[PDB]
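# What the coordinates show
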Amino acid sequence: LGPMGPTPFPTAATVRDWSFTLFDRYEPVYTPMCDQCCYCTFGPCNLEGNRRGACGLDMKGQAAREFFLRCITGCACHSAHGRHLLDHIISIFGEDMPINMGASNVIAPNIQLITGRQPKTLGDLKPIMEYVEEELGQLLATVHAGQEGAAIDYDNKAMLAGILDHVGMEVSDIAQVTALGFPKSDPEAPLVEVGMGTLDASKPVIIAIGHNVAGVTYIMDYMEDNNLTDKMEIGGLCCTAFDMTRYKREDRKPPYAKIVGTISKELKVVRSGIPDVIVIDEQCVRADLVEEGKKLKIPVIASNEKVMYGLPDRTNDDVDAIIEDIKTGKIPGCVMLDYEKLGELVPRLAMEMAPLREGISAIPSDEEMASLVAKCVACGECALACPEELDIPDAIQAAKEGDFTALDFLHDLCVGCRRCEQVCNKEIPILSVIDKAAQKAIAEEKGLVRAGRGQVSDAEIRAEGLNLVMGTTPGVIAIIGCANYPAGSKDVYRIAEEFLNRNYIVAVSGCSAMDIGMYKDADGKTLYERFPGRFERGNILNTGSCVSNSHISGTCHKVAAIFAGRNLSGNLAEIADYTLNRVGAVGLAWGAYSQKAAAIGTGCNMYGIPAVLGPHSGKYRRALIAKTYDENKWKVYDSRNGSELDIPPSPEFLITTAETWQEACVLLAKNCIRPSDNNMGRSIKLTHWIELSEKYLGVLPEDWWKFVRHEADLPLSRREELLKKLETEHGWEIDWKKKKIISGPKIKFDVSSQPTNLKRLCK
Amino acid sequence: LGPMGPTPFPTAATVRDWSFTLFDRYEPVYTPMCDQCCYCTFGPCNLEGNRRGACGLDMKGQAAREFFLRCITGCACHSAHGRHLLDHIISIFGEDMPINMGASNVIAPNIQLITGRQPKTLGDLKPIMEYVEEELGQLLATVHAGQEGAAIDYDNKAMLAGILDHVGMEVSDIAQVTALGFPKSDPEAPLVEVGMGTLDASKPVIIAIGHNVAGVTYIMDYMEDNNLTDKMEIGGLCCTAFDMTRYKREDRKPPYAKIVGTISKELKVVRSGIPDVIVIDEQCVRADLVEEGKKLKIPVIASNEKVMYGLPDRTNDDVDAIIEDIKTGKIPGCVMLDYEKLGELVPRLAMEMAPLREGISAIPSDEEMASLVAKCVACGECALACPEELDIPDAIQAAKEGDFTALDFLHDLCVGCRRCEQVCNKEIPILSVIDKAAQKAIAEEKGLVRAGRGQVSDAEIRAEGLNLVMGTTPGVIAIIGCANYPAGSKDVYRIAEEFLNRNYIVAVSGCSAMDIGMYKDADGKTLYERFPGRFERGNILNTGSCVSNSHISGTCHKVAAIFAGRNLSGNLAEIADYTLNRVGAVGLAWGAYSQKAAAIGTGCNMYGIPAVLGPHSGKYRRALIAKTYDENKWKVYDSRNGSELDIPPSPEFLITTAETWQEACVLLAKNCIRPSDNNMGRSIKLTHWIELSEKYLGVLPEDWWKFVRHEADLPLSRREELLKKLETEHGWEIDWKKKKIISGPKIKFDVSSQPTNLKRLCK
Amino acid sequence: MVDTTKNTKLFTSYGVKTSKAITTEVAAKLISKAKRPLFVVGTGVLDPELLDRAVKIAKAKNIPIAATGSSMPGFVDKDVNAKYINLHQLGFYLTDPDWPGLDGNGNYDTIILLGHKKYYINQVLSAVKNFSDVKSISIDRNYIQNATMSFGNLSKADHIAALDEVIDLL
Amino acid sequence: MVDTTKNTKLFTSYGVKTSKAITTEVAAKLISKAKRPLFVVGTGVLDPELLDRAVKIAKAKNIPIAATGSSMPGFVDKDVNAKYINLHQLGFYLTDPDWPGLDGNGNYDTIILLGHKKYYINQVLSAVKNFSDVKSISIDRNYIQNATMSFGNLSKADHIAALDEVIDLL
Ligand code: SF4
Ligand code: SF4
Ligand code: SF4
Ligand code: SF4
Ligand code: SF4
Ligand code: SF4
Ligand code: SF4
């Protein structure tokens, strides 16, 4: 074994020092969802005004505990996914298959960073899952009444849950990529079609919803073996679609499976009537699917123990009997946990069900729409019950005259939750009305998205290191998370295009990749075909599902390893400090709603990676924000001599929520600045940040001068006027005969300086 | 290996049939604690009127999910406790130590029933914790948004979490009893002093709060080795008191440690100033102990990673330095995770701190009480904020005249939650006022409680079998749970005395045993001295902390194995059916508040053991109640021929809540009746149930005639009058010359009949 | 006084939907207009100053009584039709429209609540009002949020005066 | 118009405590009596009518503007003192009494909210009203529960009329 760091297999106590060091600067800000705690029967306790309950826990402790519970729930859903996938893979392919990921010296940066192990076979991932489970259990034991009382150890345990979540995601992704023939660090992954307008109603259509791909692989194996690829359409919602589109795609051949959309599309697709059978696996699946499929005669087949849906368990019955029972209407679906029989039942069920249910949908006709629109009274309940705050009464009133453009506009912003329909005393299917009004847009809804490339190889990172140093790549922008967007699915596209035009590195994943790939320019090209898919400036790469997010974070770890020679094994604090002080990389979850997104964000924070969330994420009850005005907060140590060093206030947050995509763009541009940047990197980052601020907020930033330590730290195009602004408004002394800053900056420039947040790394 | 049942190492799918069979009769009843769901940022969603949220989950699904989360939290806190304790025990003693627990053919009935494993060494419990952990993770993954939709599959997963919790408790108790020298099936466990008046203020006082006795074991070792037993006082709150008392008590000698009380006493003792040092470990610890010890100069030392309390981590520092820092007031405590250093620091800290904090307490003097009582203006906020609904304004108004009897009455009912003080604009320490008013009662608060006896031996069960079948023991009453009582800590004592006078079998555990042992009769004797402590009629036995509850249910399992020769290995459905149809045992949690109590109740339900909980438990959001008026609900199969058989409606619930202890007594007496009873057992059960109903409700039960198949099924002293009541009100034909029932019973008597709920168990 | 609506304060809330605070006139009208009411009483009615009030209310309209808990011994002497039932069992049965009732003549439409605890009756009503259509009138001294209509927060003497006023207006 | 209290309906509630529904006279008095008010403005002010109404309100009483989000371009040409700040940051900074403010003269005591989303401003006010002592007046369309005082639920024309009537009493 090689050199091991101070923290192998961390626990709550083992990472407390680093977490408290982080919280010293980036203090937690709690935005509680309630004023009450509803945990034990001593309550519910009122905690308004930071009052304490019957157990002594105050409002801040309750908010921290709620966020910690969210984080551990997300960590438990990637870990359970990882364990189930790894167990199936070991059962099928054997437990001695060498890990096949690509071309990198470090295969599993997250696993090696946390546990210190260096796996080489699929059987060597088994212990890591045992650890990830064991610690997880301990963490859940803290949600009990009477456990941790302080609100800071809850935050520390949340960061521990985040890093464990990243480890579980890495394990799952490695297992599936090694076994199921996913692309291996391919910078030329095949382009797959996305959108509701891709599925063809002529052929039977199968819709797979969930995250696991174990059963979908059997389904597509049966479809290929029996030659039904051209006679049947297969589509996926959520990340399971990405998993199908990566399956057996290392040959760089276009696939036949199609991605339908994100979670917000699910009900809409069900209301369209296009699906002839819906097979659900587990995570991110609407709970009212049978309640609509029974009306539209769409069978529902469950394939997981996590989500059985209260359906009859026909695992031991014959496929023909189940097909007959579903055909004759006895049951609306079934639980079929046997993958071999499921992979035959699903396509056969689609084939035998398509002719009997063609032409049935919930979309109203012209006269039905006219009557439904004329039925409304404008009572305002639907607008109150809309999560996205959509002007539904105004849209309906405009549609009364015959102006159906308002509902067409509302279609993009709506997330298809039908929560409005349950508060309408007139019983108006508002979601169906909006869908019918946007029928044309739905028909012309197509796009291209690049398949999951896997993890970033060492060669690409090494090539991009020079670009980062020489000030040609301003930074790294990751666009991940869910699809609970506040203003439709175009904001992610706008942000990605804006940052790609400025030669950033954009890495996407999850539903955000789907919604980015749904829009084209005048030439009818998406971003994926407009920009290359490598890891370099001006390129947008797709890692795949949420379990590939680890790769993103993992990439940052390799930057600390392959460039500074740092040891990865069990060295979380050192690598996190390096990443926080030197690497300019920001994540963005514009529509995060699920606990998986919270766990991913917390794990990214513990690795030193700041993230910007959508406004809805303010309901997560925790952010990490720094006090810019407090000059004593921004002080570090010098690794050369142990001296006290000053750093500019960047990044100014670890987790914060933006409100509009323009503010998000400005924040992402600003928070890519790091204290270790050389002159060229600082210059390009300042140029882009100032230009974006002028473009979107209309003013020059009020704190830009905090990042100007050298005359070569200013934009080339606007250097002299910025020097004049420094001299006149601040009194800095500038050598006007040499265009040099004589004096005035608080922090001098020293590229050889090594900032650090850990005292034990000095001298 | 031997015979294995159909369900070894169960999962969510493997126990769905038995869960659905149980839910067919005992339907779940949901009593939601809230009208909103707040799990993801799509919400909070209003679900009033059984409406669905943005994910399609309705109100019933949300209530089921909340109860399932409570159950898995409790299961995770006994499992984490078990893993930590077992790891420490293996590290100290080695993993090849034989499991010695007493005289029983089956050592671990729960483990053998669930996993089908026969562990013989402490290293053979390690895989079982791995399973208990691993499945646990999957269960937590269901708490996510977009997971299981139907509420019935949430109830099934809750039952799975309950049985897993029982397995974890069994592992915990096995390890600790084997290693730490606890009594082993000992029917002569030593008596232990309990109460607030036991502790002596003239000596240094250590107070241990928690559940595990790993560090306090080192503390007691240091105290004994250095000969400080007679020079100091050591007391325990919550289950750690029971565990520290049982420590090294295989010799049947009186311990020197004392038991202070339950959780409701914690703040009270802190307000008394009696403790000189407080050491906190884990579950059931108030979160404001430091906020009071800062005022009263009481150091608070943490000893677990679960509960660190935001204190400085001085694990690697010298004990003398920590003692000096605490003495000089720099810090109010520290995290001391090193057991060897903690076991020395705690007694030394108490010795060095006792002389410096004598005579300091929060209890007011006479003039201060006069001022505080005269300050109130009777605004009614404290009564509103009181969890137990106490008439605090009336008590204070009565005390304004000098009548302090109302507060003395209120002292027993209060639970030490300080919630009133936070809503008093006059800033009156109401809890301290009540404590001072009841100082005289507190001074003489003493009692005796029998130490934890471990698990019930085989010989005692075999001896009690004859008494059960010859109508000598009416049934088994388990009294477990927490101390969130609605009307003080005397109702449990009254129930236990009432059922002990009628020659029931009373088994106690947890805080309920503590509160039973606090009351005496005229002769100044507690129940533990009035009745013997073995498994026999008219005897009360104590199993210890709530981790010993796995013995209680476990005992029931042995009843199936010993007398019917049933195979235990992986046979949950068969053993549960046997227990539900034949064993007359019922449990009672009068003050259940924590998630551990919910998990224990659910696990008991999955084993066929009905439970009655206190009124506060209505906040658990789920009960299991049967439809007595639905005659088609009560039908079973006959094992001899597979025919349909009718059974009387008993038990009528799997888990319910009562309002007063008299109603609880009536319900417990009624629900000990089982279909597979001979004449004598049914007769004695009916006699006791009818007498208790007449005594407490004042009327004869309206459905008694349902449990009458034979003239020998009636009470001996009231046979002819009941026969007349049957004849003149229902039309039954009775042979008045032979005192025999000719016709009228719906269900005939057949002692050879074998009722069952599983058709696969028939011919 | 007669107000019974001047105080509707709460410590914790179940949601945005709350029971309507009504006066004695409205409560008497609702009780005397119901097609099939049930008087669900708890142990708190055992007060010697509330038990007679409850008996008079039941006698005025011949309302059957469900004596939940251990309040049955207070109705043996009085010539009323009172039956014992578990409050949780009663709440479960009320949501079933196929339950014959305490006399076999079917289910009920409105219930009257007196003498309960604020945290137990609220929990039972949390199921009754969400999974059924049975209306509830709370004539207790605590403001029950989960009922359909309820008295305000009243003192003991004020509650008894309001009950007397309801009795005289029945 | 004058009535901004007749509609305070909500979908979900944070708890028992809720903001007071005030009228235009009370809102104008509270704005004009504040010692150090801050006009926290979201991007919903970009509506031209709301834009000039907010500009007039800020001009009338000399109130500095915190243009959260991307609403700064609507104040570049208007002669007001508007500065950009993140709303989540601003809410964090408000709870610290040692924060110099947007001009270095100290913290504020009263904030005025106009043109936000009811799920974001409510989340920020959840921290502000629980971990500080800063009062909030919501002159927006929606009933903000987490504020201290707020307008009712009004339509666009009703909101414009209410803002006008406030501006005339300023
Ligand atoms: S956190 Fe959610 S469930 Fe708990 S009281 Fe608040 S709204 Fe109700
Ligand atoms: S956990 Fe604490 S705050 Fe929450 S309900 Fe129980 S006693 Fe109250
Ligand atoms: S809830 Fe129905 S009736 Fe009311 S405004 Fe909305 S669509 Fe119209
Ligand atoms: S279905 Fe669409 S319009 Fe209706 S409430 Fe949900 S998001 Fe709003
Ligand atoms: S989990 Fe479902 S019900 Fe709960 S807040 Fe999210 S969308 Fe609403
Ligand atoms: S809250 Fe204080 S002032 Fe009000 S009634 Fe209670 S003790 Fe008296
Ligand atoms: S401390 Fe006691 S009296 Fe005060 S509110 Fe809590 S339980 Fe009631």
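Residues numbered from 1 in each chain as written, not as in the entry; some residues may be left out. Chains lettered and ligands numbered in written order. Part of a larger assembly, values for the part shown. Heavy atoms only, no water.

For this coordinate set, the PDB header names cryo-EM as the determination method and states a resolution of 3.2 Å.

Take empty space enclosed by the protein next. Within this model, the second largest cavity holds a volume of roughly 300 Å³. Lining the second largest cavity are 22 residues; nearest its centre among them are A:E389, B:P44, D:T12, D:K118 and D:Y119. Broken down by class, the residue content of the lining of the second largest cavity amounts to 11 nonpolar, 7 polar and 4 charged. (1 Å grid on protein atoms, 1.4 Å probe; cavity = no way out; pocket = protein on both sides within 12 Å on 5 of 7 lines; lining within 4 Å. Points joined across faces, edges and corners; volume = space filled by probe spheres on them. Nonpolar A, V, L, I, M, F, W, Y, C, P; charged D, E, K, R; others polar.)

All names here are of chain A. Mapped onto the present numbering, the UniProt feature "binding site: [4Fe-4S] cluster 3" falls on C376, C379, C382 and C424. Their sequence span is 49 residues, while the largest C-alpha to C-alpha distance among them is just 11.0 Å; these annotated residues converge on one region. Turning to its location among the elements, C376 is positioned in the loop between α12 (366–375) and α13 (381–385). The exposure class of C376 is buried, given its relative accessible area of 18%. Ignoring anything within four residues of it in the chain, the contact list for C376 reads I396, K400 and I428. The topology assignment puts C382 in helix α13. Exposure remark for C382: the relative accessible area of 12% places this residue in the buried category. (UniProt positions renumbered as here; feature names shortened; annotations may be inferred. Helix = DSSP H or I, 4+ residues; strand = E, 2+ residues; numbered from the N terminus. Buried < 20%, exposed > 50% of the residue type's maximum accessible area, 1.4 Å probe, protein only. Contact = heavy atoms within 4.5 Å.)

Next up on the list: the UniProt feature "binding site: [4Fe-4S] cluster 1" in chain A. Under the UniProt annotation, "binding site: [4Fe-4S] cluster 1" lies at A:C34 and A:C38. Lining of the second largest cavity among the annotated residues: A:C34. Along the chain, A:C34 turns up in the loop between β1 (26–29) and β2 (36–37). Given the relative accessible area of 21%, A:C34 is considered partly exposed. For A:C34, the contacting residues outside a window of four places in its chain are A:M59 and D:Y14. Examined against the element boundaries, A:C38 turns out to sit in the loop between β2 and β3 (45–46). Setting aside residues up to four positions removed in sequence, A:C38 forms contacts with A:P44, B:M33, B:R70 and B:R621.

One open sheet accounts for 3 strands, arranged β19-β18-β23 (chain A); its pairing is antiparallel. Two strands lie at the open edges of the sheet, namely β19 (644–646) and β23 (755–756) of chain A, each paired on one side alone. (Pairing = 2+ DSSP bridges.)

So, about the packing of aromatic side chains. Taken as a whole, this structure holds 26 aromatic pairs over all chains when the rule is applied. When the ring of A:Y26 is compared with that of A:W634, the centres are 6.1 Å apart and the planes differ by 85°; the resulting orientation is edge-to-face. Separated by 608 residues along the polypeptide, A:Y26 in strand β1 and A:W634 in the loop between β17 (623–626) and β18 (635–638) bring together distant segments of the chain. The residues A:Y26 and A:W634 share a single accessibility class, namely buried. A ring pair is formed by A:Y629 and D:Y93, whose centres lie 4.9 Å apart and whose planes are at 85°; its orientation type is edge-to-face. In this pair, A:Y629 is assigned in the loop between β17 and β18 and D:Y93 in helix α3 (residues 87–94), connecting two distinct chains. You can call A:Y629 partly exposed: its relative accessible area is 23%. Relative accessible area serves as the criterion here: at 4%, D:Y93 is assigned to the buried category. Grouping aromatic residues by their ring pairs yields a cluster made of A:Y629, D:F92, D:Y93, D:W99 and D:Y108. Positioned above the aromatic ring of D:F131 is the side chain of A:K60, whose terminal nitrogen or guanidinium carbon lies 5.0 Å from the ring centre. One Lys or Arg, A:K759, reaches over the ring of A:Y637 and ends 5.1 Å from the middle of that ring. (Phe/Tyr/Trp six-rings, centres within 6.5 Å; stacked < 30°, edge-to-face > 60°. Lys NZ or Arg CZ within 6 Å of the ring centre and 35° of its normal.)

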